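**Student:** Take a look at the following structure, please.
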Amino acid sequence: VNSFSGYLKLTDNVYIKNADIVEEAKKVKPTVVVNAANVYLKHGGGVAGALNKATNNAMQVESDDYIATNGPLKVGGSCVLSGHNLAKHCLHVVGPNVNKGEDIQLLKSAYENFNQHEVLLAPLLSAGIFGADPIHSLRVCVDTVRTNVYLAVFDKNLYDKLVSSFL
Ligand SMILES: OC[C@@H](CC1CCCCC1)Nc1ncnc2[nH]ccc12
């Protein structure tokens, strides 16, 4: 039993809700919140910009030190950093950005990072400003993640389409 509330159950391990991931994280304080990161951990907009803003830019400060030490992530890769005031940990995961021409096949590799964590709060990878089809992202999530994932979908209209079209 966990403290996630109001989710629709899609499969044995995947749950979905119309919610602002920032407000969800602040309420639940999960062990792991997933950020929709880029390889430079430049948290300018989308989920990343919103999460970073909620940390008063502490996420960005920590991320800049991470990059200065380690260099950029790989598309499809991840790193674990602090969750600041939002969660114990933040798993920064880089899904392919279609608006940069990146290979959508890397979306499965991106979701594989979730399997290293027993429970996660997460957005749909490569959705939103990353340009991928969210219905496809949900399908890859369900077919790749085996651990317990609670998906927050900001847009109510998109949430209803994801549920109604789910196979
Ligand atoms: O998938 C990443 C983005 C994409 C959006 C595209 C337009 C329709 C709504 C989704 N989703 C989010 N999901 C949960 N919380 C969020 N906070 C800020 C952004 C955000």
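Residue numbering restarts at 1 for every chain of the structure tokens, chains are lettered A, B, ... in their displayed order, and ligands are numbered from 1 as they appear.
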Residues within 10 Å of ligand 1 (only C-alpha atoms and all ligand atoms), as a ChimeraX atom specification?

**Tutor:** /A:17-25,35-37,45-51,121-134,137,151-159

**Student:** Let me see the file: selected residues, C-alpha atoms, as a compact mmCIF listing (two decimals), in the first residue's frame.

**Tutor:**
# COMPACT_ATOMS: atom_id res chain seq x y z
CA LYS A 17 -4.09 10.29 -13.47
CA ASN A 18 -4.89 13.79 -14.75
CA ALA A 19 -2.58 15.77 -12.48
CA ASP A 20 0.19 18.34 -12.36
CA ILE A 21 3.29 16.30 -11.51
CA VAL A 22 4.64 19.24 -9.49
CA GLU A 23 1.56 19.32 -7.27
CA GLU A 24 1.45 15.52 -7.10
CA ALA A 25 5.07 15.36 -5.95
CA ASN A 35 12.10 14.34 -14.68
CA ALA A 36 11.73 14.61 -18.46
CA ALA A 37 15.35 15.71 -18.83
CA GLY A 45 10.55 24.23 -19.90
CA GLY A 46 8.00 21.47 -19.93
CA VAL A 47 8.10 19.09 -16.98
CA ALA A 48 11.74 19.91 -16.28
CA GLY A 49 11.23 23.66 -16.15
CA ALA A 50 8.22 23.20 -13.87
CA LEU A 51 9.99 20.79 -11.49
CA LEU A 121 5.89 9.09 -10.04
CA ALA A 122 6.47 10.00 -13.67
CA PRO A 123 5.39 11.88 -16.79
CA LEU A 124 4.99 10.26 -20.18
CA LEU A 125 8.48 10.27 -21.67
CA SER A 126 9.02 12.18 -24.92
CA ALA A 127 5.50 13.67 -24.68
CA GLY A 128 4.75 17.39 -24.58
CA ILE A 129 7.54 19.58 -25.94
CA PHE A 130 9.63 16.48 -26.77
CA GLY A 131 7.27 15.94 -29.72
CA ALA A 132 6.39 12.23 -29.56
CA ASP A 133 2.90 10.75 -29.74
CA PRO A 134 1.72 10.36 -26.11
CA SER A 137 4.65 6.75 -25.16
CA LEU A 151 1.79 8.51 -14.44
CA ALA A 152 0.72 12.14 -14.12
CA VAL A 153 -0.80 13.65 -17.27
CA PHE A 154 -1.14 17.44 -17.04
CA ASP A 155 -3.62 17.94 -19.89
CA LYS A 156 -7.15 16.76 -19.07
CA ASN A 157 -8.12 16.42 -22.73
CA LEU A 158 -5.03 14.28 -23.40
CA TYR A 159 -5.68 12.18 -20.29

**Student:** If you count only C-alpha atoms, which residues fall within 10 Å of residue 10 in chain A, apart from same-chain ones fewer than 4 positions away, as JSON, numbers by chain?

**Tutor:** {"A": [14, 15, 16, 142, 163, 166, 167]}

**Student:** What residues in range 5-167 of chain A get the DSSP label helix (DSSP H, G or I)? Please answer as an MDAnalysis selection string.

**Tutor:** chainID A and resid 21:28 46:54 58:70 98:100 106:116 128:130 134:144 156:164

**Student:** Please list as a list in words every residue within 12 Å of residue 3 in chain A, counting only C-alpha atoms and excluding residues in the same chain fewer than 5 positions away.

**Tutor:**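 With the cut-off at 12 Å, the set is residues 24, 25, 27, 28, 29, 30, 31, 119, 120, 121 and 150 of chain A.
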
**Student:** Go ahead and save the picked residues with C-alpha atoms, as a PDB file, in the first residue's frame.

**Tutor:**
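File written: part_5.pdb
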ATOM      1  CA  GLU A  24       1.449  15.518  -7.100  1.00  0.00           C
ATOM      2  CA  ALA A  25       5.070  15.360  -5.947  1.00  0.00           C
ATOM      3  CA  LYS A  27       1.543  16.186  -1.926  1.00  0.00           C
ATOM      4  CA  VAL A  28       2.881  12.623  -2.012  1.00  0.00           C
ATOM      5  CA  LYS A  29       6.620  13.274  -1.550  1.00  0.00           C
ATOM      6  CA  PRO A  30       7.388  10.014  -3.381  1.00  0.00           C
ATOM      7  CA  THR A  31      10.644   8.135  -3.127  1.00  0.00           C
ATOM      8  CA  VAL A 119       7.872   2.735  -7.329  1.00  0.00           C
ATOM      9  CA  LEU A 120       7.959   6.001  -9.305  1.00  0.00           C
ATOM     10  CA  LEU A 121       5.892   9.091 -10.036  1.00  0.00           C
ATOM     11  CA  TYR A 150       2.187   6.322 -11.355  1.00  0.00           C
TER      12      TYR A 150
END

**Student:** Looking at only C-alpha atoms, which of A:2, A:38, A:109, A:147 is the one that sits closest to residue 76 in chain A?

**Tutor:**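 Distance minimum relative to residue 76 in chain A lands on A:109.
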
**Student:** Near residue 90 in chain A, counting only C-alpha atoms, which residues have an atom at most 9 Å away, once you skip same-chain residues fewer than 2 positions from it, shown as a list in words?

**Tutor:**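 Counting only C-alpha atoms, the residues come to residues 31, 32, 33, 34, 35, 79, 80, 81, 82, 83, 84, 86, 87, 88 and 92 of chain A.
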
**Student:** From chain A, collect each residue whose DSSP state is strand (DSSP E or B) and return the set as a ChimeraX atom specification.

**Tutor:** /A:8-9,14-18,32-36,78-82,89-93,119-122,148-153

**Student:** Next, write the just-selected residues to a file, as a compact mmCIF listing (two decimals), in the first residue's frame, keeping N, CA and C atoms as the atom set.

**Tutor:**
# COMPACT_ATOMS: atom_id res chain seq x y z
N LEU A 8 -6.31 5.79 -12.06
CA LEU A 8 -6.92 4.68 -12.79
C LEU A 8 -5.85 3.62 -13.03
N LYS A 9 -6.22 2.36 -12.84
CA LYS A 9 -5.30 1.24 -12.99
C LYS A 9 -5.36 0.76 -14.43
N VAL A 14 0.90 -0.33 -13.80
CA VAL A 14 0.86 1.02 -14.35
C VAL A 14 -0.48 1.67 -14.00
N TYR A 15 -0.39 2.89 -13.46
CA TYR A 15 -1.51 3.70 -13.02
C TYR A 15 -1.41 5.07 -13.68
N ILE A 16 -2.55 5.73 -13.93
CA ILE A 16 -2.56 7.00 -14.65
C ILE A 16 -3.58 7.96 -14.04
N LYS A 17 -3.26 9.26 -14.08
CA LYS A 17 -4.09 10.29 -13.47
C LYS A 17 -3.91 11.61 -14.21
N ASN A 18 -4.98 12.40 -14.29
CA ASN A 18 -4.89 13.79 -14.75
C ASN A 18 -4.40 14.62 -13.57
N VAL A 32 10.71 8.48 -5.54
CA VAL A 32 11.30 8.84 -6.83
C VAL A 32 10.28 9.62 -7.65
N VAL A 33 10.65 10.83 -8.06
CA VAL A 33 9.96 11.54 -9.14
C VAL A 33 10.85 11.52 -10.37
N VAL A 34 10.26 11.24 -11.52
CA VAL A 34 10.98 11.24 -12.79
C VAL A 34 10.88 12.62 -13.43
N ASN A 35 12.03 13.14 -13.86
CA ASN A 35 12.10 14.34 -14.68
C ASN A 35 12.28 13.97 -16.14
N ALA A 36 11.56 14.68 -17.01
CA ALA A 36 11.73 14.61 -18.46
C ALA A 36 12.91 15.50 -18.84
N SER A 78 19.95 8.05 -17.99
CA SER A 78 19.40 8.65 -16.79
C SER A 78 20.50 8.87 -15.76
N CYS A 79 20.17 9.69 -14.76
CA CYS A 79 20.96 9.77 -13.55
C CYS A 79 20.03 10.04 -12.37
N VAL A 80 20.46 9.61 -11.19
CA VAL A 80 19.73 9.85 -9.95
C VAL A 80 20.36 11.03 -9.23
N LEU A 81 19.55 12.06 -8.96
CA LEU A 81 19.98 13.21 -8.19
C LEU A 81 18.97 13.43 -7.07
N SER A 82 19.17 14.50 -6.31
CA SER A 82 18.25 14.79 -5.21
C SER A 82 16.85 15.11 -5.73
N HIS A 89 14.34 11.34 -4.20
CA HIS A 89 15.23 11.34 -5.34
C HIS A 89 14.50 11.82 -6.58
N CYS A 90 15.25 12.41 -7.50
CA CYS A 90 14.78 12.66 -8.85
C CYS A 90 15.57 11.81 -9.83
N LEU A 91 14.86 10.97 -10.58
CA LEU A 91 15.45 10.22 -11.69
C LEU A 91 15.29 11.05 -12.95
N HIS A 92 16.40 11.64 -13.41
CA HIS A 92 16.40 12.43 -14.64
C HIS A 92 16.55 11.46 -15.80
N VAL A 93 15.53 11.35 -16.65
CA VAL A 93 15.51 10.40 -17.75
C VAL A 93 15.41 11.16 -19.06
N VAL A 119 9.05 1.88 -7.18
CA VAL A 119 7.87 2.74 -7.33
C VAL A 119 8.33 4.11 -7.80
N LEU A 120 7.61 4.69 -8.77
CA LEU A 120 7.96 6.00 -9.31
C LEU A 120 6.71 6.80 -9.65
N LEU A 121 6.81 8.12 -9.45
CA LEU A 121 5.89 9.09 -10.04
C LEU A 121 6.55 9.64 -11.29
N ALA A 122 5.81 9.70 -12.41
CA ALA A 122 6.47 10.00 -13.67
C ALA A 122 5.54 10.67 -14.68
N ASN A 148 6.36 -0.39 -10.35
CA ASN A 148 5.08 0.29 -10.16
C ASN A 148 5.22 1.76 -10.53
N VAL A 149 4.53 2.18 -11.58
CA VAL A 149 4.66 3.53 -12.11
C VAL A 149 3.31 4.23 -12.06
N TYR A 150 3.33 5.44 -11.49
CA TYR A 150 2.19 6.32 -11.36
C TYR A 150 2.41 7.49 -12.30
N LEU A 151 1.63 7.53 -13.38
CA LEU A 151 1.79 8.51 -14.44
C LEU A 151 0.87 9.70 -14.19
N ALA A 152 1.46 10.89 -14.21
CA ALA A 152 0.72 12.14 -14.12
C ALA A 152 0.66 12.77 -15.50
N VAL A 153 -0.56 13.03 -15.98
CA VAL A 153 -0.80 13.65 -17.27
C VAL A 153 -1.42 15.02 -17.00

**Student:** Could you give me, as a PyMOL selection string, the residues within 7 Å of range 55-64 of chain A, counting only C-alpha atoms and dropping anything in the same chain fewer than 6 positions from it?

**Tutor:** chain A and resi 41+43+84-85

**Student:** Between CA of residue 5 in chain A and CA of residue 111 in chain A, measure the distance and give it in Å to one decimal.

**Tutor:**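 Between CA of residue 5 in chain A and CA of residue 111 in chain A the gap is 22.9 Å.
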